[PDB]
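Chemist: A single structure is presented below for examination.
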Amino acid sequence: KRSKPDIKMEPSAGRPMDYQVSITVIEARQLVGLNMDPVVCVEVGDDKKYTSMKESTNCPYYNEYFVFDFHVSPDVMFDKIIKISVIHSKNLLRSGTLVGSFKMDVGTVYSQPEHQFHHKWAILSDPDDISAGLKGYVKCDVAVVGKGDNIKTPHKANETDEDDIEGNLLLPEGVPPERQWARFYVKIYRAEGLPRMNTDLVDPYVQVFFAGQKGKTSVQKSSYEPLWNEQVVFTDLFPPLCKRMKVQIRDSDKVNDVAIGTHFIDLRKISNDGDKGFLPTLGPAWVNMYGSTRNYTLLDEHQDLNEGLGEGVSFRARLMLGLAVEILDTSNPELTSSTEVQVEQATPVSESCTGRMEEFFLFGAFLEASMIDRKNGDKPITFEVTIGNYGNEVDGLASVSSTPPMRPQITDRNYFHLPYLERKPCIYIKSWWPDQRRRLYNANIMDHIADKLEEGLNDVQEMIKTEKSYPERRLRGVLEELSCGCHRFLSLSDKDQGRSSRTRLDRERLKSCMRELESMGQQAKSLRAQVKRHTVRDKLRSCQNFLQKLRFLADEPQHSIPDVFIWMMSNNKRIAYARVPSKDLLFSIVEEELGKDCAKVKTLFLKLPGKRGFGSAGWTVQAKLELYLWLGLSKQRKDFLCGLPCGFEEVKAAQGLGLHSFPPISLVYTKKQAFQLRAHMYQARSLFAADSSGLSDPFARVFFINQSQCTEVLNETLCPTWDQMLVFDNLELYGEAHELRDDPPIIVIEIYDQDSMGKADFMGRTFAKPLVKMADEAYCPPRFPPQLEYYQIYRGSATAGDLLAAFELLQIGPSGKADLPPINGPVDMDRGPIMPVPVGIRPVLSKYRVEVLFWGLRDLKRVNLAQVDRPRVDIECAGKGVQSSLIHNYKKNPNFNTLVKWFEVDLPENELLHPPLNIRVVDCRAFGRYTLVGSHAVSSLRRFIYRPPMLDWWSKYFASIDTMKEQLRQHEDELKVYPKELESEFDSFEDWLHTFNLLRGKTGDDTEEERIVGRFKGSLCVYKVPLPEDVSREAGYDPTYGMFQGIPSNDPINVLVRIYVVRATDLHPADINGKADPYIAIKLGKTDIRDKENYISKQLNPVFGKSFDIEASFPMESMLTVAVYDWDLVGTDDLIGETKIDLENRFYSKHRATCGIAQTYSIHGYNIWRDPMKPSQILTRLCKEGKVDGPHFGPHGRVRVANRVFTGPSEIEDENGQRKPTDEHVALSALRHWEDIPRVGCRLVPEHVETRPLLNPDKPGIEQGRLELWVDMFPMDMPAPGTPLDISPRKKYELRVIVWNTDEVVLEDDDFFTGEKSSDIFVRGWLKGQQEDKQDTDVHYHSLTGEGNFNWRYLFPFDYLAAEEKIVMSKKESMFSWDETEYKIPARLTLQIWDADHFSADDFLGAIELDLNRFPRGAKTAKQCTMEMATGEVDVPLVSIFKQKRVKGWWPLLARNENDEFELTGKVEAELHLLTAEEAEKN
Ligand SMILES: [Ca+2]
Ligand SMILES: [Ca+2]
Ligand SMILES: [Ca+2]
Ligand SMILES: [Ca+2]
Ligand SMILES: [Ca+2]
């Protein structure tokens, strides 16, 4: 396949769109400064915000969130810098001292696989001083997201998880952590070809921006060809995290300096990292520079094109440039330690290093110039072609550049055309460019193999779309051809070694492309063998991992010949432009090295320059040229007319009369051939909506050469069936048969919405190439007759539907129109000249029946600000359909009194060609004035076409969360924990019930929720014929309810929902201080419960443990929403997150999604069964609903469902402790293995929590945080359930120690009165921190050898959990906080021996820090205590007091000496004891 051409008016480049960056700075560490007061400043481009001030902390904590929003182009967003700085003593009076700064850019943060860095530590270096060392690190999370992106957020963990600096640096892949300094020389030499800005002179100077620094050269006053010869040096951290250098020529002025042009050097194209890579280098070579139009205007609206914001519409300058980096040793005292940008004199380079200036030649032939836009074509028009400054005759051999102006004639009401016919104007341009053709040839072979590969991937994507047989063989052939072209590029590009015009970048880029493309060829040859159908899609992605990087090869940073520009001018006022690259036009002998646009006629769509080329002004095209272009050496000009169609005869200018090889000013064609286009137009689907009713009036105009016709208008449909051909009679073309069959001409098809007057709104356009046939060839299969194909219409950037067409070009023969095929006349003869699509091309139709289950309608909005009372649904498929029964009142019952009804239509035989079914709800008000409430049409029927087939419950939560963590890590009692929406694993519970998303309004462009006017609930069943009896008995049991038998009841039923909110983690902070105060809000219908009375305070990871009961009247009250809210002391409360969980499909699924089913039964304790019915009654109800025999019972260990038997345990315990027999365990096992039923077998949800991502309307597609919750449904017409689960969040302990004596404590104090050494020994110890566990003993004054006597008892009461061995407490973070915050640490004790004084603080002598779970055992005597029991010797075992409960021993306390080791500075005899809270009151 892939006969369609891919042309788009709006590419990805140029269009500005909304981005935002979110930067949070969690904790700063390892900073430097004496009594410093840090503030973290975050800068993105031209703005910056500061955090709060912290006083005298070395490790401050901020956790402050910043969001920067911009609406800019993607390329200029990727060039914005990100600066994280730390400032000491910032104030407005005096500038604070800079501690450290870190530079980064937006574009490489976007280059992450998650478009973000999670928990990464910025290296806060010193940009102000190269010789200075590291100034600290700052942990941060930085994310870049624009509109239209869906991303997954990783675990936003606290300090209790991995937070180490070195393994989580703020680096991309492959960057070395030390980031050695470098000098970046750019060497601006010369320039040529400047325009006029004084009216007419210019005062240029080159300013270069990189990494937030800038440097400008001197100004060469009054010179259009200036010579700067100056070099600008930067210094930054190699490798540069910023990936672009903005070099910009500027015209200096005394009031407002403006821009000449701007070129962006992408540093990835000129560099390679690693030990096999090479340092950044470029040039000395010429760089082309494009911008706005060269003629001066005082109010130029295209000024931003000179700044690089968009696409250059004309050539503006050529700049000689060089670049070279070097790594400098910053420890050398020979060089100054400065950092700022410097401008010095550069070394002059000869022109022979960039290639000799040499004369090139451009030839162009304007064959066709049609579809000129009407609002400009009242004047005669021209076509000015300029390459470089050559051909700029308007602004200022004799080269010609313009076609002769002559008036445009009428084609239709929307476009003119130009009557060239046989007189084709031509242009010839002499030019002088350097001899760097080999660079363009290498980039051209790169682009040629990349174009072949991209054509292969688009072809196999089309065979994926149309389900053609074995695309894996096409993939293997594509990879083999890619390897063959790879070896061709290996054997081709290396033969021009002898020239000395190669720069420093040429050899390095050729070698790097050699190595990388050898790796690509061997990787493609290895990937060819593993291509398989069932894993084809990932293989496609691997091919994309080739192709884009191949384009990364093809982009040349040192382009020699500038792009050619083809313009339009009406009375010498510029209208529209096209810009063709010159690597595609260069002529050469080898076919892969030959340009893809050289010596062939190509279609070329002009467009408005700059900002007028975007949006609604850029809908209609400005011209559709059929241009022949050739570019190359004048000694290679021997065959620059060979690719042209034959039959032409030259006419030259006055200077070239009688010459041999003078290029012609014009051509006259004599070999005219007549043709006819049969524009087959069968259908369209999913078109754009251009009326306020949500539908349109589509009629399509077909444009071919100069003729244009329109198919008839159909009314109030987005999927029309015109059933019409457009006969363009007696076309004329010029050429021969072999130059036209493989390259047919272009047909452009636009669709318009007819309105109440003569104007018509726009739908977009598509393009086509007709099936071409000659007189000598016959109408043989499989080429003829042409089959209808799908043509993708694009309304600019956004897609706007498909189109059904079978275009064919047919030449007339020597017998005239008698050699034309027999035209099938109109069966409906009332249409007259409207001739339908003939047979063979028209899809052969067959009888189909559509049976529609009309279940209900949900949340329809107002029509003309009036409420909807009595809906009805019309259904249209292939023009005919059935209408639903009326409902009586929407507010009390939004359901139809009968459900199943059918209709008979004709549909095509193959399912790929099916027209879309269109449902339309309309209000049936009085007096027959029915208006459109909603419409849903875009659907494929393939899914509907039938074919015959001490423990608590938290311990159970821990025993499941660790298993799901183990399974997640191995991929990269117990409940089945689900990590996402339950709908994603259980296909939104759409077994028979389907939700069709119901639309009214114009289709959105550059949301669907604003178009939402409700949704339809129901099902479709479309089938050809009644099948044999065993298959058709599904409908044969009850024709009243049709094929949808097995349906459950439709009448309203009363229900309670029981929502359990377990916990939540990774909350986005509602408050700006990185904290939140969460509480659950729940809404369902009229019910809204907000539990503000039982909030959790100062928590981003709430342990909730809450259960709520909500009344609901189904089917109206089936739209539950669960949200988390933040308490605010003043003002209004701010929402944190909100999730939607609908209950219609959950209740009415076969999967039993009302309540989960546990792993096993227990009638007491932590595994209590919350559902009121036993599982025996549960599968009794499921067997009665699903037409299943069973359940059957025998002994208590077996249960029979259908023809299968399952097993399980027999006895079960209650709270009294005595066993009882039951068979409900085996019933629950049958519920677990319910998938094995041969007819009604599907999956069932187990008892779960779901980790639903909470979304926000402000950030679509972005998870603010994950919420652990699960819902239960219990219909109240069955008996009510009991007490809900005790999921409420949580043992208290007493640690007591006694210090008996001390020995060998170091005598720190010399005696003031007698002189001997002594020590006032006393003890101190604490578990948690300062304000809670600080206690000390009495002082043993004046020790002689370290002996002391205390006999003092400590006591530490606390809370504790043994699941993670964590001591549990909540305390205020600061004295200014409102209330307490929860903290977790492991079991710690810190013991110290001090030296008391009567007048000041005590002197530190010794310390130990031990764990109650793994401390080494104590000595038996004081003298047995040695150094080995405290250090890291493995010979000393460990004792846990949680199993021992009594420890007596001697233990050494260790000073903090300067030798980084431990020294015996004291011994302590200690008794250590553990009690509970109840035992502590009497022990
Ligand atoms: Ca309209
Ligand atoms: Ca209309
Ligand atoms: Ca708040
Ligand atoms: Ca708050
Ligand atoms: Ca003392």
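Chains: A, B, ... in order of the structure tokens. Residues: from 1 per chain. Ligands: from 1, in order shown.
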Excluding same-chain residues fewer than 4 positions from residue A:139, what lies within 6 Å of it counting only C-alpha atoms, as a count of residues only?
Modeler: 5
Chemist: If you run DSSP on the backbone, which residues of stretch 782-976 of chain A are strand (DSSP E), as a PyMOL selection string?
Modeler: chain A and resi 789-790+794-795+798-799+802-805+808-811+845-858+871-876+900-908+918-923+931-936
Chemist: Set the distance at 12 Å and use only C-alpha atoms: which residues neighbour residue A:618 once local chain neighbours fewer than 4 positions away are removed? I'd like the list as a VMD selection string.
Modeler: chain A and resid 8 to 10 373 576 605 to 614 622 762 764 795 to 797
Chemist: Based on the selection just made, write C-alpha atoms of those residues as an mmCIF file, in the first residue's frame.
Modeler:
data_model
loop_
_atom_site.group_PDB
_atom_site.id
_atom_site.type_symbol
_atom_site.label_atom_id
_atom_site.label_comp_id
_atom_site.auth_asym_id
_atom_site.auth_seq_id
_atom_site.Cartn_x
_atom_site.Cartn_y
_atom_site.Cartn_z
ATOM 1 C CA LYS A 8 0.937 18.850 5.811
ATOM 2 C CA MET A 9 0.646 22.635 5.894
ATOM 3 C CA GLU A 10 1.563 22.913 9.581
ATOM 4 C CA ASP A 373 -5.941 32.128 -3.360
ATOM 5 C CA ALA A 576 3.689 33.424 -0.198
ATOM 6 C CA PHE A 605 2.481 24.120 -1.706
ATOM 7 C CA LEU A 606 3.204 27.740 -0.876
ATOM 8 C CA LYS A 607 2.172 29.236 2.449
ATOM 9 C CA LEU A 608 1.981 32.614 4.139
ATOM 10 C CA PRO A 609 5.225 33.827 5.770
ATOM 11 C CA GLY A 610 5.514 33.431 9.531
ATOM 12 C CA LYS A 611 2.608 34.144 11.868
ATOM 13 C CA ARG A 612 0.094 34.345 9.019
ATOM 14 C CA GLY A 613 0.959 30.754 8.077
ATOM 15 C CA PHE A 614 -0.607 29.444 11.290
ATOM 16 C CA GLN A 622 -1.751 30.099 -1.641
ATOM 17 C CA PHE A 762 -13.634 24.641 6.187
ATOM 18 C CA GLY A 764 -9.442 20.400 5.896
ATOM 19 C CA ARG A 795 -7.704 20.302 9.168
ATOM 20 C CA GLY A 796 -4.264 21.824 9.490
ATOM 21 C CA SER A 797 -2.394 20.156 12.341
#
Chemist: Write out as a PyMOL selection string each polymer residue (protein, DNA or RNA) that has an atom no more than 7 Å from ligand 2, with only C-alpha atoms and all ligand atoms counted.
Modeler: chain A and resi 690-691+696-697+753-756
Chemist: The selected residues should be written to file as a PDB file, in the first residue's frame (atoms: N, CA and C atoms).
Modeler:
ATOM      1  N   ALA A 690     -18.666  21.916  11.844  1.00  0.00           N
ATOM      2  CA  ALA A 690     -18.518  23.343  11.583  1.00  0.00           C
ATOM      3  C   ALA A 690     -19.820  24.119  11.739  1.00  0.00           C
ATOM      4  N   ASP A 691     -20.828  23.541  12.383  1.00  0.00           N
ATOM      5  CA  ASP A 691     -22.038  24.258  12.750  1.00  0.00           C
ATOM      6  C   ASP A 691     -22.236  24.171  14.256  1.00  0.00           C
ATOM      7  N   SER A 696     -22.794  18.977  10.334  1.00  0.00           N
ATOM      8  CA  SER A 696     -22.423  19.934   9.299  1.00  0.00           C
ATOM      9  C   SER A 696     -23.166  19.592   8.015  1.00  0.00           C
ATOM     10  N   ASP A 697     -22.782  20.260   6.930  1.00  0.00           N
ATOM     11  CA  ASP A 697     -23.343  20.033   5.599  1.00  0.00           C
ATOM     12  C   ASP A 697     -22.198  19.804   4.619  1.00  0.00           C
ATOM     13  N   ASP A 753     -18.218  22.925   4.640  1.00  0.00           N
ATOM     14  CA  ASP A 753     -19.530  22.878   5.272  1.00  0.00           C
ATOM     15  C   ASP A 753     -20.372  23.990   4.657  1.00  0.00           C
ATOM     16  N   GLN A 754     -21.392  23.603   3.895  1.00  0.00           N
ATOM     17  CA  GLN A 754     -22.307  24.567   3.304  1.00  0.00           C
ATOM     18  C   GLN A 754     -23.163  25.205   4.391  1.00  0.00           C
ATOM     19  N   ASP A 755     -23.368  26.515   4.281  1.00  0.00           N
ATOM     20  CA  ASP A 755     -24.146  27.232   5.282  1.00  0.00           C
ATOM     21  C   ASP A 755     -25.392  27.844   4.658  1.00  0.00           C
ATOM     22  N   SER A 756     -26.094  28.692   5.412  1.00  0.00           N
ATOM     23  CA  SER A 756     -27.355  29.271   4.959  1.00  0.00           C
ATOM     24  C   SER A 756     -27.183  30.285   3.835  1.00  0.00           C
TER      25      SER A 756
END
Chemist: 6 Å from ligand 4 is the threshold here; counting only C-alpha atoms and all ligand atoms, which polymer residues fall inside it? Answer as a PyMOL selection string.
Modeler: chain A and resi 1071+1076-1077+1126-1128
Chemist: Using only C-alpha atoms and all ligand atoms, which residue out of A:1376, A:752, A:1016, A:489 lies closest to ligand 1?
Modeler: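 Of A:1376, A:752, A:1016, A:489, the one nearest ligand 1 is A:752, counting only C-alpha atoms and all ligand atoms.
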Chemist: Name all residues at most 7 Å from stretch 319-326 of chain A (count only C-alpha atoms; drop same-chain ones fewer than 6 positions away) and give them as a PyMOL selection string.
Modeler: chain A and resi 182-192+279-288
Chemist: Next, the residues of the selection above should be written as an mmCIF file, in the first residue's frame with N, CA, C and O atoms.
Modeler:
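Saved to selection.cif:
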data_model
loop_
_atom_site.group_PDB
_atom_site.id
_atom_site.type_symbol
_atom_site.label_atom_id
_atom_site.label_comp_id
_atom_site.auth_asym_id
_atom_site.auth_seq_id
_atom_site.Cartn_x
_atom_site.Cartn_y
_atom_site.Cartn_z
ATOM 1 N N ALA A 182 35.906 23.675 31.089
ATOM 2 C CA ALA A 182 36.322 23.786 29.698
ATOM 3 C C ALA A 182 36.192 25.231 29.240
ATOM 4 O O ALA A 182 35.484 26.035 29.848
ATOM 5 N N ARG A 183 36.894 25.541 28.153
ATOM 6 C CA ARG A 183 36.790 26.816 27.455
ATOM 7 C C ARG A 183 36.181 26.559 26.086
ATOM 8 O O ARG A 183 36.638 25.669 25.359
ATOM 9 N N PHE A 184 35.154 27.337 25.745
ATOM 10 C CA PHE A 184 34.408 27.195 24.499
ATOM 11 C C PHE A 184 34.733 28.383 23.600
ATOM 12 O O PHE A 184 34.142 29.457 23.751
ATOM 13 N N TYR A 185 35.663 28.199 22.669
ATOM 14 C CA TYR A 185 35.997 29.220 21.691
ATOM 15 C C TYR A 185 34.991 29.171 20.554
ATOM 16 O O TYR A 185 34.753 28.109 19.975
ATOM 17 N N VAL A 186 34.404 30.320 20.229
ATOM 18 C CA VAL A 186 33.729 30.501 18.948
ATOM 19 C C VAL A 186 34.487 31.590 18.198
ATOM 20 O O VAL A 186 34.969 32.551 18.805
ATOM 21 N N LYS A 187 34.717 31.369 16.912
ATOM 22 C CA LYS A 187 35.635 32.187 16.124
ATOM 23 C C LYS A 187 34.865 32.777 14.948
ATOM 24 O O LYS A 187 34.751 32.150 13.892
ATOM 25 N N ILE A 188 34.337 33.985 15.133
ATOM 26 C CA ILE A 188 33.555 34.661 14.107
ATOM 27 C C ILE A 188 34.549 35.349 13.177
ATOM 28 O O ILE A 188 35.286 36.250 13.587
ATOM 29 N N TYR A 189 34.574 34.919 11.916
ATOM 30 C CA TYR A 189 35.558 35.422 10.963
ATOM 31 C C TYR A 189 34.999 36.506 10.044
ATOM 32 O O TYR A 189 35.506 37.631 10.022
ATOM 33 N N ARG A 190 33.953 36.185 9.287
ATOM 34 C CA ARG A 190 33.552 37.021 8.165
ATOM 35 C C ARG A 190 32.062 36.844 7.919
ATOM 36 O O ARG A 190 31.412 35.986 8.517
ATOM 37 N N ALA A 191 31.519 37.680 7.034
ATOM 38 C CA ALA A 191 30.130 37.558 6.618
ATOM 39 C C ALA A 191 29.973 38.118 5.213
ATOM 40 O O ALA A 191 30.741 38.978 4.778
ATOM 41 N N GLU A 192 28.959 37.617 4.507
ATOM 42 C CA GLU A 192 28.674 38.045 3.144
ATOM 43 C C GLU A 192 27.170 38.063 2.912
ATOM 44 O O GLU A 192 26.457 37.155 3.348
ATOM 45 N N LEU A 279 35.740 15.706 21.092
ATOM 46 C CA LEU A 279 35.411 16.974 21.716
ATOM 47 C C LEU A 279 34.641 17.850 20.727
ATOM 48 O O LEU A 279 34.747 17.656 19.513
ATOM 49 N N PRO A 280 33.812 18.776 21.226
ATOM 50 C CA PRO A 280 33.063 19.671 20.328
ATOM 51 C C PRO A 280 33.967 20.534 19.460
ATOM 52 O O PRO A 280 34.868 21.217 19.950
ATOM 53 N N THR A 281 33.706 20.497 18.155
ATOM 54 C CA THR A 281 34.444 21.293 17.187
ATOM 55 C C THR A 281 33.577 21.493 15.953
ATOM 56 O O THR A 281 32.766 20.629 15.612
ATOM 57 N N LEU A 282 33.739 22.643 15.307
ATOM 58 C CA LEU A 282 33.022 22.961 14.084
ATOM 59 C C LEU A 282 33.871 23.936 13.286
ATOM 60 O O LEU A 282 34.577 24.770 13.853
ATOM 61 N N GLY A 283 33.812 23.811 11.967
ATOM 62 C CA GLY A 283 34.387 24.803 11.096
ATOM 63 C C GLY A 283 35.903 24.790 11.053
ATOM 64 O O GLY A 283 36.541 23.852 11.539
ATOM 65 N N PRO A 284 36.527 25.853 10.501
ATOM 66 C CA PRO A 284 35.964 27.108 9.950
ATOM 67 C C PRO A 284 35.190 26.953 8.642
ATOM 68 O O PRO A 284 35.741 26.606 7.602
ATOM 69 N N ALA A 285 33.886 27.212 8.697
ATOM 70 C CA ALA A 285 33.010 26.951 7.566
ATOM 71 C C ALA A 285 31.887 27.974 7.565
ATOM 72 O O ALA A 285 31.631 28.643 8.568
ATOM 73 N N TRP A 286 31.228 28.094 6.418
ATOM 74 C CA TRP A 286 30.134 29.040 6.280
ATOM 75 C C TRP A 286 28.836 28.425 6.781
ATOM 76 O O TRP A 286 28.595 27.226 6.623
ATOM 77 N N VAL A 287 28.006 29.257 7.402
ATOM 78 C CA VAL A 287 26.734 28.847 7.978
ATOM 79 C C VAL A 287 25.690 29.791 7.395
ATOM 80 O O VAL A 287 25.824 31.015 7.498
ATOM 81 N N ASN A 288 24.665 29.232 6.757
ATOM 82 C CA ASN A 288 23.604 30.048 6.192
ATOM 83 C C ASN A 288 22.688 30.561 7.298
ATOM 84 O O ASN A 288 22.604 29.990 8.388
#
Chemist: Residues contacting ligand 3 - anything with an atom at most 12 Å away, using only C-alpha atoms and all ligand atoms - can you give me those as a compact mmCIF listing (two decimals) with N, CA, C and O atoms, in the first residue's frame?
Modeler:
# COMPACT_ATOMS: atom_id res chain seq x y z
N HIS A 1068 0.62 15.42 46.38
CA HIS A 1068 1.04 16.75 45.96
C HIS A 1068 0.61 17.75 47.04
O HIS A 1068 -0.57 17.76 47.43
N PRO A 1069 1.52 18.56 47.56
CA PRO A 1069 1.18 19.45 48.68
C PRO A 1069 0.24 20.57 48.26
O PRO A 1069 0.54 21.36 47.37
N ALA A 1070 -0.93 20.61 48.91
CA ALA A 1070 -1.87 21.71 48.68
C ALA A 1070 -1.32 23.02 49.24
O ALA A 1070 -1.42 24.07 48.59
N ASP A 1071 -0.73 22.97 50.43
CA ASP A 1071 -0.08 24.13 51.01
C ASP A 1071 1.30 24.32 50.38
O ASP A 1071 1.92 23.36 49.90
N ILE A 1072 1.78 25.56 50.40
CA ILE A 1072 3.04 25.89 49.74
C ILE A 1072 4.26 25.56 50.58
O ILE A 1072 5.39 25.73 50.10
N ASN A 1073 4.08 25.09 51.81
CA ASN A 1073 5.19 24.71 52.67
C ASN A 1073 5.50 23.21 52.61
O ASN A 1073 6.20 22.69 53.48
N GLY A 1074 5.01 22.52 51.58
CA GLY A 1074 5.23 21.09 51.44
C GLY A 1074 4.52 20.24 52.47
O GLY A 1074 5.06 19.22 52.90
N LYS A 1075 3.31 20.65 52.88
CA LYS A 1075 2.51 19.89 53.83
C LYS A 1075 1.06 19.93 53.38
O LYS A 1075 0.68 20.71 52.50
N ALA A 1076 0.24 19.07 53.99
CA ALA A 1076 -1.18 18.98 53.67
C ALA A 1076 -1.92 18.48 54.90
O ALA A 1076 -1.32 17.94 55.83
N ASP A 1077 -3.23 18.68 54.91
CA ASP A 1077 -4.10 18.23 56.01
C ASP A 1077 -5.27 17.46 55.42
O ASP A 1077 -6.39 17.97 55.33
N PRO A 1078 -5.05 16.21 55.03
CA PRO A 1078 -6.05 15.50 54.22
C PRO A 1078 -7.24 14.99 55.01
O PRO A 1078 -7.13 14.61 56.18
N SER A 1097 -3.62 15.75 60.26
CA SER A 1097 -2.93 17.03 60.16
C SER A 1097 -1.44 16.82 59.91
O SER A 1097 -0.83 15.92 60.50
N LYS A 1098 -0.88 17.68 59.05
CA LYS A 1098 0.56 17.74 58.73
C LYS A 1098 1.08 16.41 58.21
O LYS A 1098 1.93 15.75 58.82
N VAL A 1124 -9.92 14.08 47.99
CA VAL A 1124 -9.16 14.34 49.21
C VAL A 1124 -9.03 15.85 49.36
O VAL A 1124 -8.66 16.55 48.42
N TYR A 1125 -9.34 16.35 50.56
CA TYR A 1125 -9.42 17.79 50.80
C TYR A 1125 -8.40 18.18 51.85
O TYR A 1125 -8.02 17.36 52.69
N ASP A 1126 -7.96 19.44 51.81
CA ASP A 1126 -6.97 19.98 52.74
C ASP A 1126 -7.65 20.95 53.69
O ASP A 1126 -8.40 21.83 53.25
N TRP A 1127 -7.40 20.80 54.98
CA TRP A 1127 -7.92 21.74 55.97
C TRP A 1127 -7.14 23.04 55.88
O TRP A 1127 -5.91 23.05 55.83
N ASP A 1128 -7.86 24.16 55.85
CA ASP A 1128 -7.27 25.48 56.00
C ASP A 1128 -7.87 26.15 57.23
O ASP A 1128 -9.08 26.09 57.45
N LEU A 1129 -7.00 26.78 58.03
CA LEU A 1129 -7.46 27.45 59.25
C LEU A 1129 -8.29 28.69 58.92
O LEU A 1129 -9.30 28.96 59.58
N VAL A 1130 -7.88 29.44 57.89
CA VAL A 1130 -8.61 30.61 57.44
C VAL A 1130 -8.87 30.46 55.94
O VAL A 1130 -8.17 29.75 55.23
N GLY A 1131 -9.91 31.15 55.48
CA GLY A 1131 -10.29 31.08 54.08
C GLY A 1131 -10.98 29.77 53.74
O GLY A 1131 -11.43 29.01 54.60
N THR A 1132 -11.07 29.52 52.44
CA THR A 1132 -11.72 28.32 51.92
C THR A 1132 -10.73 27.16 51.86
O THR A 1132 -9.53 27.35 51.64
N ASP A 1133 -11.25 25.95 52.04
CA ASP A 1133 -10.42 24.76 51.96
C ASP A 1133 -10.09 24.44 50.50
O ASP A 1133 -10.91 24.61 49.60
N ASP A 1134 -8.86 23.97 50.28
CA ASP A 1134 -8.34 23.70 48.95
C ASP A 1134 -8.37 22.20 48.70
O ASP A 1134 -7.95 21.41 49.55
N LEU A 1135 -8.87 21.80 47.53
CA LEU A 1135 -8.89 20.39 47.17
C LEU A 1135 -7.49 19.94 46.76
O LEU A 1135 -6.70 20.70 46.19
N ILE A 1136 -7.18 18.68 47.07
CA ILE A 1136 -5.89 18.08 46.73
C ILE A 1136 -5.99 17.22 45.48
O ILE A 1136 -5.20 17.38 44.55
Chemist: Find the spatial neighbours of residue A:1000, counting only C-alpha atoms, within a cut-off of 10 Å - ignore same-chain residues fewer than 4 positions away - and output them as a PyMOL selection string.
Modeler: chain A and resi 689+691-695+861+863+920+932-936+1008+1010-1014
Chemist: Which chains and residue numbers are within 6 Å of ligand 5, counting only C-alpha atoms and all ligand atoms, if I want them as a PyMOL selection string?
Modeler: chain A and resi 1320+1395-1397
Chemist: Limited to N, CA and C atoms, could you put the picked residues into a file as a JSON list (two decimals), in the first residue's frame?
Modeler:
[["chain", "number", "residue", "atom", "x", "y", "z"],
["A", 1320, "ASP", "N", 34.76, 14.40, 86.90],
["A", 1320, "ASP", "CA", 33.43, 14.43, 87.51],
["A", 1320, "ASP", "C", 32.47, 13.66, 86.60],
["A", 1395, "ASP", "N", 31.44, 15.34, 81.83],
["A", 1395, "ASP", "CA", 32.22, 15.85, 82.95],
["A", 1395, "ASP", "C", 31.52, 17.11, 83.45],
["A", 1396, "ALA", "N", 30.96, 17.05, 84.65],
["A", 1396, "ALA", "CA", 30.12, 18.13, 85.14],
["A", 1396, "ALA", "C", 30.95, 19.32, 85.61],
["A", 1397, "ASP", "N", 30.36, 20.51, 85.46],
["A", 1397, "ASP", "CA", 30.93, 21.75, 85.97],
["A", 1397, "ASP", "C", 29.83, 22.54, 86.66]]
Chemist: Report, in Å with one decimal, the straight-line distance from atom CA of residue A:1158 to atom CA of residue A:1285.
Modeler: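 About the pair atom CA of residue A:1158 and atom CA of residue A:1285: they are 13.2 Å apart.
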Chemist: Point out the residue among A:181, A:1378, A:992, A:238 with the least atom-to-atom distance to residue A:329, counting only C-alpha atoms.
Modeler: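 Distance minimum relative to residue A:329 lands on A:181.
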Chemist: Within 7 Å of residue A:872, counting only C-alpha atoms, which residues qualify if same-chain residues fewer than 4 places away don't, as a list in words?
Modeler: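 My list of contacting residues is residues 884, 885, 886, 921, 922, 923 and 924 of chain A.
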Chemist: I'd like the neighbourhood of residue A:195 as a list in words, where a residue qualifies if any of its atoms comes within 8 Å (using only C-alpha atoms), though same-chain residues fewer than 3 positions away should be ignored.
Modeler: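 Using only C-alpha atoms, the neighbours found are residues 202, 224, 294, 295, 316 and 317 of chain A.
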